[PDB]
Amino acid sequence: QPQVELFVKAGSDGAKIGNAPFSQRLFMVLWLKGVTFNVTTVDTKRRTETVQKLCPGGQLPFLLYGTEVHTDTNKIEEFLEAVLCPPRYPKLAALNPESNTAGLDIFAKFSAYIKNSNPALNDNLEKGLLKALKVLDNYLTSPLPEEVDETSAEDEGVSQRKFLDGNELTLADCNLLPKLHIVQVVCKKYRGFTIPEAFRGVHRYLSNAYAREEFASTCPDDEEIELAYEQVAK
């Protein structure tokens, strides 16, 4: 197996896991593949000579795979899915294309909401974020094709699956979860906004996902996410 070396953004002390959802996505993908790999955190204020030579452009995250450096998180993920493939490693792509688009609008609605300084817009932007969360909730509670005609007591017509695409984490979860987690942490800390308990699909999803080691072991501390947002969200 050619060397697999991921370079990710360090947090506020120049070393810890940072608020860096592209970096976290790739760490999750590599974890789920089962490959042996290394992860090096990068202090962009103090780049090592090694990092400077590997990736002169300074893009981050980046991947060294064998001799070659890959940049652009989407392209790195596509490369990993293609090269770390069956029979040696599991395919991680979602089976259902809608799993790859569900919830993609949430982050931008969050950004507008949290950065807004015109109080007249508060309720509009909060509602836009809630509506995007509800669309994700609806996807998570809609039976997938694998669940056709299955039934559960007191819960007719409601999906039971753990994650976006089924009962296994897929590339779609690796993309969405780091961002959705930022939304939840920052909104709670700076505005007291909580995802309603009535969004049972979103809450079950996060409960399952946050307990998966692939997420838990790659996730920065709440206080690091909160620090990263202090200036824009205050």
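Residue positions are given as counts along the sequence shown, with the first one as 1.
Here 154-162 and 121-129 are compared by their mean Cα B-factor, and 154-162 comes out higher. The PDB entry reports B-factors from which the mean C-alpha value can be compared for 97-105 and 82-90; the larger average falls on 82-90. In the deposited coordinates, the residue among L26, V42, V69, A209 with the greatest CA B-factor is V69. Highest C-alpha temperature factor among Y65, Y205, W31, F199, as the PDB entry reports it: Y65. For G58, the recorded CA temperature factor ranks within the highest third of the chain's modelled residues. Among the modelled residues of its chain, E214 has a C-alpha B-factor that falls in the lowest third according to the deposited record. In this PDB entry, the Cα temperature factor of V35 sits in the middle third of its chain's modelled residues. Per the deposited record, the Cα B-factor of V51 falls in the highest third when ranked against the other modelled residues of its chain. The PDB entry assigns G11 a C-alpha temperature factor belonging to the middle third of its chain's modelled residues.
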